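A.B. asks: Here is the sequence, then the experimental structure:
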Amino acid sequence: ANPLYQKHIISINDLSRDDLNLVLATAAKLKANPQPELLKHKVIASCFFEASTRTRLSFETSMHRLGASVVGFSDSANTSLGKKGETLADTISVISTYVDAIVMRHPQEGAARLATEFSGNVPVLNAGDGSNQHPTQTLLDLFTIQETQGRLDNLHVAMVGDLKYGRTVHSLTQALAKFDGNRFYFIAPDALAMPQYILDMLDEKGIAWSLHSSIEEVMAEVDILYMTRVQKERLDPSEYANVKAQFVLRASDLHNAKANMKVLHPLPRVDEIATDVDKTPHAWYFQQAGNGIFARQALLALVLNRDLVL
Amino acid sequence: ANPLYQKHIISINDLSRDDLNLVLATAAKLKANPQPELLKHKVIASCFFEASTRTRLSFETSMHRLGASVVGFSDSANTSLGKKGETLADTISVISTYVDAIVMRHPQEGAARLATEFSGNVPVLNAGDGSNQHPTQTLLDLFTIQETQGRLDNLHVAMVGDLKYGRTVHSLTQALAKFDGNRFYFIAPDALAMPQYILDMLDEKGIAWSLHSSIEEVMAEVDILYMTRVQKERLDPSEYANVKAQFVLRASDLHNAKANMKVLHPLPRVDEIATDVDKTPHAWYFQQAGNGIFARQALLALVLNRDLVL
Amino acid sequence: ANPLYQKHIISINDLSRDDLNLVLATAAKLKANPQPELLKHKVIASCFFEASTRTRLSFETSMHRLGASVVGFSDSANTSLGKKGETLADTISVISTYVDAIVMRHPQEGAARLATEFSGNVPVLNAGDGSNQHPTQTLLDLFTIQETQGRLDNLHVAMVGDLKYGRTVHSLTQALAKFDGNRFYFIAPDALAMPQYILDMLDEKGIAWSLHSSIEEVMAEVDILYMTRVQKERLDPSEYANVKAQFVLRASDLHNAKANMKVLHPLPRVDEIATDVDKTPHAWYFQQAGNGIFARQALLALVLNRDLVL
Amino acid sequence: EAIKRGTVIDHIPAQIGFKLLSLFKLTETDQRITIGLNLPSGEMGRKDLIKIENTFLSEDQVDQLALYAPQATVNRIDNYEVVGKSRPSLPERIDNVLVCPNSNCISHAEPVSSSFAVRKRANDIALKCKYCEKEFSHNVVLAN
Amino acid sequence: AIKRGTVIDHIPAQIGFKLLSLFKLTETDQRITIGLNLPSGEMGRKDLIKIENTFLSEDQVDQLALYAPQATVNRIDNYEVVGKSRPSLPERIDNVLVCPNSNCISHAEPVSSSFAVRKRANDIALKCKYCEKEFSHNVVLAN
Ligand SMILES: O=c1ccn([C@@H]2O[C@H](COP(=O)(O)OP(=O)(O)OP(=O)(O)O)[C@@H](O)[C@H]2O)c(=O)[nH]1
Ligand SMILES: O=c1ccn([C@@H]2O[C@H](COP(=O)(O)OP(=O)(O)OP(=O)(O)O)[C@@H](O)[C@H]2O)c(=O)[nH]1
Ligand SMILES: O=c1ccn([C@@H]2O[C@H](COP(=O)(O)OP(=O)(O)OP(=O)(O)O)[C@@H](O)[C@H]2O)c(=O)[nH]1
Ligand SMILES: O=c1ccn([C@@H]2O[C@H](COP(=O)(O)OP(=O)(O)OP(=O)(O)O)[C@@H](O)[C@H]2O)c(=O)[nH]1
Ligand SMILES: O=C(O)C[C@H](NC(=O)CP(=O)(O)O)C(=O)O
Ligand SMILES: O=C(O)C[C@H](NC(=O)CP(=O)(O)O)C(=O)O
Ligand SMILES: O=C(O)C[C@H](NC(=O)CP(=O)(O)O)C(=O)O
Ligand SMILES: [Mg+2]
Ligand SMILES: [Zn+2]
Ligand SMILES: [Zn+2]
């Protein structure tokens, strides 16, 4: 079986550089040559306990492009967990007797890991667990960085905005740190800084990183400018000063930008990216969202189909 | 390609008499001869930002009868537009990188037209935008009028109820006005009258229309009695006197009705049609709802399949 | 007539040193021998548009100890301003045809000032207007300081807590600055610092003030330690990190205090003063409250009587 | 006084010259502008006049004036010379400057530019919103 | 060159158009001449407004000191300058200004705004008659 067959996909921290490349290599192939029936006779649960547009709809679209059926909910309010007091554990215990894989998003950190302890032989794919991990975001992100830079090694990467609560940048930083010679610029209000467990991990691998108070400092040297939304629904009331985007990228900020540089954003954006950026050749957040289809197809393929696709 | 291939379907005002007949002709054919795989390998978004029973379920049913897959939501509250502040434009910008067509209903007028400006080459089908247009309602309505009258020309058509806010009658009146010699009776409280842009359009084509204060005046001469619901969720608080149906059709009102005449209603009805009407041979609102399948199949076929069906 | 007869009492900024000494001398006398019939045949409005325990109850008790009657409300929700949309202006315009004086507290800065523009010959007494001024609080504060310290000049005064929104310390700092050689110590979080307009006034009069990040820095130095509550009902959401008392006074922090030092607090306290302070000889916030009676009696007698002999 | 190069908008009816400055944001430039209000004309009696240096108006831009000053004359000037004269003709559309009066139109909530179809209706000018498709008299459709 | 009326000279660039709106100057039948972005000996660029048979209200001249401190007001009679002065700054400004304190009572109630004006260094301070707060005329004139 391929290395990822029947595997839980919970945290980038559990995956190796080889696993990530495997996903990417499979994504390339299916994009070039769709296999509309690879997952025929699979039924897959799509269980979203907090809000989603991109992650849920692209996952479900991926399932249909590969021929799988889909069941689930986009809202927990009409599940028996929502109305009758049922635990998440019992919820996973019954659903795992129905389907071939469980895609789940949840507002509490650790939820995906928990489901893993009740799902038997049914793989769980983490579509995001509180402010912890978002591994499939990282997969599409890597695919996008690869697509536009030609490599994943020796890059200058700025991450801007809410780094404390961004499950996106927790996962992505851990992933890039598995590759050689990448450099990090972290642009956050002090209250929403990148957590210490990420920084320690970087120091352990001798990876270079530094803090900056503006985008303009690093604009000249960045290959990837990764903008994020302030995670207001995760914020403590004591952190309410940071609700407003502290850094707003506009088209004029891009004057000194390298021709190769792309602006990425896991979306949705509020105002951290002004609309005038949309038309500039650096804007790639929509192309990025679209790459979600290829990354998520690949992931489903590898988890549910024992043989390497080709 | 057929005239409607890859076209946006936003407003009846953008379509010609030939386009409408094309839909109807295709509907006839697929009803006679279902093509369960015509849209195999299509994935289609069903995006409903306000409530629906008939329009959403019949559209999705149409998609499945033709072999397409379906993704979407029936409620905006768990999209990233609902919880994280995302614009409709950004919502359409990402979804249009997933699917082959977007069916959308929205509470603001113009929403479908907007999506069209962000959806690239992905066609948008308007399942209703505020009190503006409801083009697929008009398609099924025309199919129904055709089915029961044998023609779409030279008919006596009464429209009753809330004409100001009825997207149904905005679309339908514009459509019938594209055919020859039809006559209109408008039966509305003054506060919810047919808007002036519809009346002007009729005057320009020299079409006959008049206002009436009761159903009974016109009962003798009508071929189609098109009843509507007061659109209370669209009403200004200053128009709250009209919440209650001003005109209630009952079985006894139908004594002087032509044998050929049908009672139509886009549904849901509140009390504007008493239940005793249901059993009379003039009642055709349920048959009408059922024709939604054939009109919507046809539309999907023409928009997503380059060749004329036969 | 006495200098305060028929005068509005809106802001300490409009009062002279002599005016304040007059209220204090008058208060001392009324505490010594009561004038239970001094305001006989007077009717006074007590209009509280936001919450109060000490200010409204001491005001009304003071009115009764002087023989006046009281009308009013402690909540605006059942006035015509609360249910029928009446302006504050019209409200003052009618009430001033009824009563001999108006005591008012209101959530908006300026409300008392505005009231004087509609109350004609009827005096207005500001019981607090938003985070602006609290002149009667300052009258009792000065009286208490005078009582315990024997003087109002050459004092070392520390004010602690929410100095930005504390209308208590705006009025009190202004009053103490009309006396000679007082020294101020401001101990506040940055986000809730003493406003610049108060500081500028201190600079213009050549009065020494300094900023300190802890109470202990000044404990050995102070004659008056004036604690305040965080004004949560006035914070901007951006200031929610300051909701909790930053400085907490406990009995153990008083080991190096001057023997004559008194701890004041206009009240209510939340957690900024621990209950183990209450039994120490430095606690004086309840005796201070108690003194509201004599300062408010004094103010009322001076405003409504041409002169008194005592 | 006379300009060497740019546009002169002559024969603006009275009380309109100032609206045109406000609406099309004509004063948002470093270019020298000269304005005459309430000038005698004889052809009109009273008129307004706007001269803008080193600035030119396309036929479409000239057309947007038809809503407000239909009998105006737009003179293109180069080298102290009138090198072209044109008159506002009613345009098909008016974009950006107006605001749809339907409160429930998607144009208010979203990052799009306003847009109306222009038609002659009776002795009035009717504007049809591209988005909500409702139609209004130009009089009741505000700017911004 | 007018015969009788007012010439507001040395108006800073981009201010000339504001004064036109704010003082409703163009709401007259009186002949008006306006030069925007004119070359200036002492300013480089300036705006200029001429109004025939018309003079400013004290209300209008008082407000002018805030908007354009360096502007000159010329009163002409019989083709000749008769009064020429820099507009004298008052100490109270009524009606035109809006307190930037959102919790000020002046926002909810039928009273005219009013501010006390003073200070040099850079900005000038406006003190609200109601809330007593003081602001830089920069923050206030960003109404
Ligand atoms: O630069 C300027 C300044 C002022 N004026 C002033 O405009 C007014 C008329 O000057 P005109 O040149 O427009 O006369 P006219 O006969 O051509 O007018 P029409 O019939 O075309 O309408 C006069 O008052 C003149 O001083 C200009 O024409 N140009
Ligand atoms: O070099 C120039 C030439 C012309 N102009 C300005 O062009 C405007 C029109 O120039 P015209 O000379 O064409 O006016 P006109 O009266 O002869 O013709 P009508 O348009 O009135 O029918 C005049 O107002 C003039 O001031 C300049 O400002 N500078
Ligand atoms: O008869 C006149 C005189 C003067 N003015 C107008 O009055 C304005 C000022 O009149 P001045 O032209 O006499 O002032 P000045 O430049 O000599 O000196 P400064 O004020 O610049 O220090 C000028 O801009 C002119 O246009 C008239 O309109 N008519
Ligand atoms: O009516 C008008 C129209 C235009 N102008 C134009 O204004 C420009 C300046 O005309 P000025 O008369 O103001 O020159 P100035 O040296 O006095 O300037 P200051 O130092 O006082 O600031 C001139 O170049 C002229 O073209 C007028 O003065 N008056
Ligand atoms: O919410 C974000 O800002 C980043 C990220 N966003 C997404 O995954 C896009 P969506 O919520 O539409 O699926 C997330 O963590 O949920
Ligand atoms: O709501 C109506 O009365 C008419 C019309 N009704 C429908 O389309 C039926 P439904 O809302 O169940 O899809 C509409 O405009 O939505
Ligand atoms: O509320 C405070 O903390 C200080 C001060 N407190 C009082 O006046 C006491 P009370 O609200 O019980 O009348 C005030 O400004 O209202
Ligand atoms: Mg000069
Ligand atoms: Zn509109
Ligand atoms: Zn104020």
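C.D. replies: That came through fine. Residues are numbered from 1 along each chain as shown, chains lettered A, B, ... in the order given. Ligands and ions are numbered 1, 2, ... in the order given.

A.B. asks: Smallest distance to ligand 5 belongs to which residue of the stretch 151-300 of chain A?
C.D. replies: residue A:229 (3.7 Å; C-beta to the nearest ligand atom). C-betas here are computed from N, CA, C, even on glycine.

A.B. asks: Identify the residues contacting residue 68.
C.D. replies: Picking chain A for this. Applying C-beta atoms under 8 Å, 6 or more residues apart in numbering or on different chains to residue A:68 gives the contacts A:39-40, A:42-44, A:100, A:300, A:304.

A.B. asks: please go with chain D instead
C.D. replies: Taking C-beta under 8 Å, 6+ apart as the criterion, residue D:68 is in contact with D:16, D:19-20, D:23.

A.B. asks: Could you rerun that using 7 Å?
C.D. replies: D:16, D:19-20 (C-beta atoms under 7 Å, 6 or more residues apart in numbering or on different chains).

A.B. asks: How about residue A:106?
C.D. replies: Contacts of residue A:106 (C-beta under 7 Å, 6+ apart): A:49-50, A:112, A:129.

A.B. asks: and if you look at residue A:131?
C.D. replies: For residue A:131, the contacting residues are A:109, A:165, A:167, A:231, A:234, by C-beta under 7 Å, 6+ apart.

A.B. asks: out of the residues you listed, who's nearest residue B:28?
C.D. replies: residue A:167 (52.5 Å; C-beta to C-beta).

A.B. asks: ok, the closest one - how many residues close by?
C.D. replies: Residues near residue A:167, counting by other C-beta atoms under 10 Å in any protein chain shown, number 23.

A.B. asks: now swap in residue D:138 and tell me
C.D. replies: Look at residue D:138: counted by other C-beta under 10 Å, it has 16 neighbours.

A.B. asks: Quick check: closest non-adjacent residue to it.
C.D. replies: residue D:125 (4.2 Å; C-beta to C-beta, 6 or more residues apart in numbering or on different chains).

A.B. asks: got the contact list for the nearest residue to residue D:78 once chain neighbours are set aside?
C.D. replies: Nearest residue to residue D:78, sequence neighbours excluded (C-beta to C-beta, 6+ apart): residue D:5, at 5.4 Å. By C-beta under 7 Å, 6+ apart, the residues touching residue D:5 are D:53-54, D:77-79.

A.B. asks: Spatially, what comes nearest to residue A:73 if we skip its sequence neighbours?
C.D. replies: Using C-beta to C-beta, 6+ apart, the closest residue to residue A:73 is residue A:79 (5.8 Å).

A.B. asks: what about stretch A:78-90, start to end distance?
C.D. replies: By C-alpha to C-alpha, to the nearest Å, the extent of stretch A:78-90 from end to end equals 15 Å.

A.B. asks: Give the buried residues for that stretch.
C.D. replies: Neighbour counts over stretch A:78-90 (16 or more other C-beta atoms under 10 Å in any protein chain shown) mark A:79, A:81, A:88 as buried.

A.B. asks: residues from chain D in reach of ligand 9?
C.D. replies: Applying C-beta under 5 Å from the ion, one finds that chain D approaches ligand 9 through D:100, D:102, D:105, D:129, D:131-132.

A.B. asks: For those residues, which two are the farthest from each other?
C.D. replies: Largest separation among the residues of chain D next to ligand 9 by C-beta to C-beta: D:102 and D:131, giving 8.7 Å.

A.B. asks: the more surrounded of those two?
C.D. replies: residue D:131 (27 against 21).

A.B. asks: For the contacts of residue D:68, which single residue is the most surrounded?
C.D. replies: Ranking the contacts of residue D:68 using other C-beta under 10 Å puts residue D:20 first, with 19 neighbours.

A.B. asks: Could you report the distance from that residue to residue E:16?
C.D. replies: For residue D:20, the distance to residue E:16 equals 16 Å [C-beta to C-beta, to the nearest Å].

A.B. asks: Spell out the secondary structure type for residue 25.
C.D. replies: Let's take chain A. What DSSP: H, G, I helix; E, B strand; the rest coil gives for residue A:25 is helix.
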